[PDB]
Amino acid sequence: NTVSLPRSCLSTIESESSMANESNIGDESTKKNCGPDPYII
Amino acid sequence: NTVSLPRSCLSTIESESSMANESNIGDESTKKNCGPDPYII
Amino acid sequence: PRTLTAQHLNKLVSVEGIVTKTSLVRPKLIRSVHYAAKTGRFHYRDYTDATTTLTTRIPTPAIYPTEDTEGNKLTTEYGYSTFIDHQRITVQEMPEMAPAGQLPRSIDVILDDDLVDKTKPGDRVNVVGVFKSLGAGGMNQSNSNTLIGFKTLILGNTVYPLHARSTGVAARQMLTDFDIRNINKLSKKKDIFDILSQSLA
Amino acid sequence: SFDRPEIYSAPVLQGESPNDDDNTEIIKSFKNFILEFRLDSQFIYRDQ
């Protein structure tokens, strides 16, 4: 009210909850990376 | 018989079939990009 | 554990050994439930990991929800969520069979749900399960390090304690109706104490 | 497993003396103009 969609997932910088930190990691040592431009409208 | 898994999806360079080229594009202008390290064992 | 090699991977195996150390029984989160204040609705989400299924599947790392689809805040319902137990143990070759003057070999085991607290350290145990490999042995990405290999362990599905001399596991036999009849008949004789006494050694 | 913390505020004291060329004062002046300006003894903008 040039706006663009976020380039990378915001769930990492946004530490919503303590359990979100756990959810942001899993399956051993593989880091979580959503990739470039992971958002859809 | 230091081999590593392919860094990028090979279906692009591997032009297996005619319909594969069509399957490699969809949903308007968005280009297909599997992302980095897309392979699982 | 000494004679368990890579050629047995992905195949059902039965191992014998001595438990050396157990782990603390912890709960695992499966399904989470939430309540929305502005709407009066209950939402839920499901979770999974690599060890809950034999066949490989494409990862689906769903995040823990804190907002509604519309932006409303969410409240958690611990009493309506669901949790499952999970334990990890280590098994080692028996000392009555291991090579002398040689270090021993050991293997990990994972137990879930109703097989979670069936043993204690120092027991002789027989475990039947699936010998599996997990993850990628440093193949993904560069990972210049080459020393490490593939992680392996057993998705245990049957556990049996075994009695042995000078061990903390008691011996128990199943009694049949024939056994009960014979023992009850024998009890009625007058010299039973003498017979049993003479039977020893 | 916990929820997200919140943030909120409330006014208690009086800050520094407001300057004229700041957004809040601009908004206040515009609101006054909308709600007060008179032409031919009419509140034209409020009415419309």
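Residues numbered from 1 in each chain as written, not as in the entry; some residues may be left out. Chains lettered and ligands numbered in written order. Part of a larger assembly, values for the part shown. Heavy atoms only, no water.

Things to note about the overall build of chain C
Each helix and strand in chain C was counted, giving two helices and eight strands. In sequence order, the secondary structure elements of chain C are arranged as β-β-β-β-β-β-β-β-α-α. The C-alpha atoms of chain C give 26 Å as radius of gyration, which overshoots the globular expectation for 201 residues (17 Å, by more than 25%). In terms of its C-alpha atoms, chain C occupies a principal-axis envelope of roughly 85 × 50 × 25 Å. (Helix = DSSP H or I, 4+ residues; strand = E, 2+ residues; numbered from the N terminus. Rg over C-alpha atoms; globule rule 2.2 N^0.38 Å.)

Quick look at the overall build of chain D
Assigned secondary structure in chain D consists of two helices and zero strands. Considering only C-alpha atoms, chain D reaches an extent of 65 × 30 × 20 Å along its principal axes. About 4900 Å² of surface is accessible on chain D, with carbon and sulfur atoms providing 57% of the total. One finds the centroid of the 5 positive side-chain charges in chain D at a distance of 8 Å from the centroid of its 10 negative side-chain charges. (Areas by Shrake-Rupley, 256 points an atom, 1.4 Å probe, with all protein chains shown as cover. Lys, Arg positive; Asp, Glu negative; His and termini not counted. Charge placed at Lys NZ, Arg CZ, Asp CG, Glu CD.)

Observations regarding the pairing of strand β5 (residues 82-92) of chain C
Taken residue by residue, a regular strand's side chains alternate between the two faces of the sheet. Residue and element names in this part refer to chain C. Alignment of strand β1 (residues 12-21) against β5, held across three bridges, turns out to be antiparallel. Residue pairing across strands places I18 opposite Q92, the latter belonging to β5. Bridge count for strand β2 (residues 26-36) against β5 is five bridges, and the pairing is antiparallel. Of the residues in β5, the one forming a bridge with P27 is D85. Inspection of the sheet shows β5 paired to strand β6 (residues 106-112) by seven bridges, in the antiparallel sense. Across the sheet, residue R88 finds its bridge partner in β6, namely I110. (Pairing = 2+ DSSP bridges.)

Looking at the interface of chain A and chain D
Across the boundary between the two partners, chain A contributes four residues, which contact five residues of chain D. Carbon and sulfur atoms supply 52% of the area buried between chain A and chain D, which totals about 310 Å² over both sides. Remark: the boundary between chain A and chain D carries zero salt bridges. Here chain A is connected to chain D by one residue pair in polar contact. (Contact = heavy atoms within 4.5 Å. Buried area = accessible area lost by both parts, 1.4 Å probe. Salt bridge = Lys/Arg side-chain N within 4 Å of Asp/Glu carboxyl O. Polar contact = N/O pair within 3.5 Å; in protein donor to acceptor, adjacent residues only side chain to side chain.)

A word on the nonpolar core
With 14 residues, the main nonpolar core has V91, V109, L111 and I154 of chain C as its most contacted residues. With residues up to four places along the chain from it excluded, the contact list for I154 of chain C reads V15, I107, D108, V109, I110, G129, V130 and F131 of chain C. (Core = buried A, V, L, I, M, F, W, Y, C linked by side-chain atoms within 4.5 Å. Buried < 20%, exposed > 50% of the residue type's maximum accessible area, 1.4 Å probe, protein only.)

Side note on the interface of chain A and chain C
Each partner contributes residues to the interface: chain A has ten residues there, and chain C has eleven residues. Of the roughly 750 Å² buried between chain A and chain C on both sides combined, carbon and sulfur atoms contribute 63%. Looking only at chain A, the three residues that lose the most surface to chain C are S23, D27 and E28 of chain A, adding up to 48% of its buried area. Inspection of the region where chain A meets chain C yields zero salt bridges. For the interface between chain A and chain C, the tally reads zero residue pairs in polar contact. Of the residues contributing to the side of chain A that touches chain C, the split by class is one nonpolar, five polar and four charged. (Nonpolar A, V, L, I, M, F, W, Y, C, P; charged D, E, K, R; others polar.)

Concerning the pattern of salt bridges
In total, this model carries ten salt bridges over all chains according to the counting rule given. Put simply, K120 of chain C and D123 of chain C hold a salt bridge, and the shortest N to O gap is 2.9 Å. In this structure, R46 of chain D and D47 of chain D form a salt bridge, with 3.6 Å as the shortest nitrogen-oxygen distance. The exposure class assigned to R46 of chain D is partly exposed, which follows from its relative accessible area of 47%. A single salt-bridge network, built from bridges that share partners, covers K28, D49 and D112 of chain C.

Concerning the pairing of β1 of chain C
As paired strands, β1 of chain C and strand β7 (residues 124-134) of chain C are joined by seven bridges and run antiparallel to one another. By the bridge assignment for β7 of chain C, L12 of chain C is matched with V130 of chain C.

Description of the side chain of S32 of chain C
Residues and elements named next belong to chain C. With respect to the helices and strands, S32 occurs in strand β2. Here the side chain of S32 touches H34 through a polar contact of 3.3 Å, side chain to side chain. Polar contacts involving the side chain of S32 include one to the side chain of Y47, which spans 3.4 Å. Apart from residues no more than four positions distant in its own chain, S32 is found in contact with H43, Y44, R45, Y47, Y64, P65 and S81.

Quick word on the environment of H86 of chain C
Residue and element names in this part refer to chain C. Locating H86 in the fold gives a position in strand β5. Residue classification places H86 among the partly exposed residues on the basis of a relative accessible area of 27%. Spatially, the C-alpha atom of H86 lies 31 Å from that of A36, the residues being 50 residues apart in sequence. In this structure, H86 is in contact with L24, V25, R26, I110, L111, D112 and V116, ignoring residues within four places of it in sequence.

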